[PDB]
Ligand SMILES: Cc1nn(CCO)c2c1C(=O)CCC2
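Shown here is one chain on its own, the form solved without the named molecule, set out as structure tokens.
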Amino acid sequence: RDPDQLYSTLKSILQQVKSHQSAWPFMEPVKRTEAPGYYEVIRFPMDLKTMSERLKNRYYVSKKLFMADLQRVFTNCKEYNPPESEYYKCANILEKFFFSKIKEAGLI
């Protein structure tokens, strides 16, 4: 009602974010191969697989914890990448999608 309604709603939102066509940069921990020096620059890495695990592990006891993890994915992307890069574009597209899903669910 309180606790497991939240779990179901977050799982649904997170699964929908993950299936979106712009989610592909964010699906797994950034690979050093593909961004040597990423981990020198970004101090709190986050990605959607880590979020899936956190969710499964019952970490997301509130809306604000879930929002902070997902928002971190986007702020990492915008800190690391130039504004006209495909990655930055994907972040803003997926963020719009995310907020519509949050609103659609009445999450508060």
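Only residues modelled in both forms are compared. The first residue of the shown sequence is 1; numbering continues from there. Heads up, when I say rigid core I mean the largest set of C-alphas that superpose within 1.5 Å between the two forms.
The protein also exists as the form solved in complex with the named molecule; that form is not presented, and the subsequent description refers to it.
Shown alone here, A35 lies within 4.5 Å of the named molecule in the entry with it bound, counting heavy atoms only.
Although the partner is absent here, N81 is a contact residue: one of its heavy atoms lies within 4.5 angstroms of the named molecule in the entry with it bound. When the named molecule is considered in the entry with it bound, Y87 lines it closely, a heavy atom lying within 4.5 Å. Taking the partner from elsewhere, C77 is found to have a heavy atom lying within 4.5 Å of the named molecule in the entry with it bound. Taking the named molecule as positioned in the entry with it bound, the residues of 21-41 that bring a heavy atom within 4.5 Å of it are, in sequence order, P25, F26, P29, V30, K31, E34, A35, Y38. Moving regions between this form and the one not shown, defined as 3+ consecutive residues each with a CA shift of at least 2 Å after core superposition, come down to one: 32-34.
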